[PDB]
Amino acid sequence: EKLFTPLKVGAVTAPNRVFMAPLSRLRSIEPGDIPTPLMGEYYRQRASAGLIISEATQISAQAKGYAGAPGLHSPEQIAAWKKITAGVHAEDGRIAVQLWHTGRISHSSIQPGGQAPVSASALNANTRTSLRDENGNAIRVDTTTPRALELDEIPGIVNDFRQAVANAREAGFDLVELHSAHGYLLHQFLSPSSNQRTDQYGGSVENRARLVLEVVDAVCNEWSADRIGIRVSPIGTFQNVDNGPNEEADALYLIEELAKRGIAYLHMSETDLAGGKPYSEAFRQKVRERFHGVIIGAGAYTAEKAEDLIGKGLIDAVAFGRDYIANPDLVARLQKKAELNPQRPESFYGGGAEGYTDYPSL
Ligand SMILES: Cc1cc2nc3c(=O)[nH]c(=O)nc-3n(C[C@H](O)[C@H](O)[C@H](O)COP(=O)(O)O)c2cc1C
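Residues numbered from 1 in each chain as written, not as in the entry; some residues may be left out. Heavy atoms only, no water. Residues with missing side-chain atoms left out of burial classes, pairs and counts.

Per the deposited record, determination of this structure is attributed to X-ray crystallography, with the resolution reported as 1.5000 Å.

Okay, here's the thing in structure tokens:
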């Protein structure tokens, strides 16, 4: 068994390889998109994880696409996150903040000034996001057609990521995870399906990856490379964003570029919740030989699959999502081979303590 052995992950050392995947639970305070003491308790309950990766967190107000998702741009948000990271650290845990811009997966009603959200191009995502109704309950609503970012707006986006990472450091996070997956802003630029730009930020894979790599360079400079992770989902289709006709070659280009920056980790979201074709061992080997930091696998993993791939030297750790929703002490349960609590999907998004902090530990 290798799941319960330590792993150096950039600036910190995880005592085990059972990581908590980033999970939007949409329970923040509005107005202000502010983390809450209840969120603090939820994360504290899970502090035995090798590493906690937080729910996706806005780099800016414009970044917002979901009602109830927290930010890390305002003083009030920084102060609230400080309490949450202190709680995790009080229990000898480690926590990374996942930072995103939702781009076109958003709605005008939650944008600054109530205006259209932004993206690489001006075509609708043709999906839904989650807002709140008049009583504060999560509701699904069709995405608003975006405006294409103007070329002179791109530096501001890079700066917003940079500033959010500065803020993450002050808030006491151990690492940051850039959300470059699942059809959100960075992935919108990466994918040819969502990027029809004719400037240097569209066309070739070099142009499509230009933005995410500018962001990686900015955040490594702001803090340190050993503090930076990135989540990608470069094979398959996610939230209507596929990865184009040369997805494998384009993925390896991006991974080679990321490797040059010497960042802490590469987190691969292998499938959407609806499923997809499995990664081949050949492709995993091609990834492994290009990236010289920690590789985290994710997507419907079992402990058995995690052990198999860690044992083969293809990944270093596994992030569990839904099992972590339902099992605060997932590490102890997997170590002891104990049964897991049943999941209650109706309370994954929005609401309060029920379905959030009421899954018991052993
Ligand atoms: C309720 C819920 C919220 C999620 N929120 C995020 C998120 O904020 N960021 C992210 O990268 N992935 C998010 N995902 C994807 C998970 O991180 C994970 O990749 C997915 O649940 C598959 O892994 P699992 O089979 O271990 O649950 C979310 C998944 C669920 C079920």
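What follows covers empty space enclosed by the protein. Empty space among the atoms becomes visible once a probe the size of a water molecule is rolled across them. Quantified by volume, the largest cavity comes out at close to 140 Å³. Around the largest cavity sit 17 residues that line it, and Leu190, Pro234, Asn243, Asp250 and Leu254 are the ones nearest its centre. Going through the elements one at a time, helix 4 (185–190), helix 5 (205–208) and helix 7 (247–260) are the ones with two or more residues in the lining of the largest cavity. Take the lining of the largest cavity: its biggest share by element is five residues, from helix 7. Split by residue class, the lining of the largest cavity holds nine nonpolar, five polar and three charged. Considered as a void within the structure, the second largest cavity measures approximately 50 Å³ in volume. (1 Å grid on protein atoms, 1.4 Å probe; cavity = no way out; pocket = protein on both sides within 12 Å on 5 of 7 lines; lining within 4 Å. Points joined across faces, edges and corners; volume = space filled by probe spheres on them. Helix = DSSP H or I, 4+ residues; strand = E, 2+ residues; numbered from the N terminus. Nonpolar A, V, L, I, M, F, W, Y, C, P; charged D, E, K, R; others polar.)

Contacts to the ligand come from 17 residues, most closely from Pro22, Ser24, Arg231, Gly321 and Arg322. Take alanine 300: an N or O atom from its main chain is 2.9 Å from an oxygen atom of the ligand. Protein chains bury 92% of the 610 Å² of accessible surface belonging to the ligand in isolation. Put simply, the ligand lies in the largest pocket. In the shell around the ligand, the residues fall into nine nonpolar, six polar and two charged. (Near = heavy atom within 4 Å. Polar contact = N/O pair within 3.5 Å; in protein donor to acceptor, adjacent residues only side chain to side chain. Areas by Shrake-Rupley, 256 points an atom, 1.4 Å probe, with all protein chains shown as cover. Sits in = over half its atoms within 2 Å of the grid points.)

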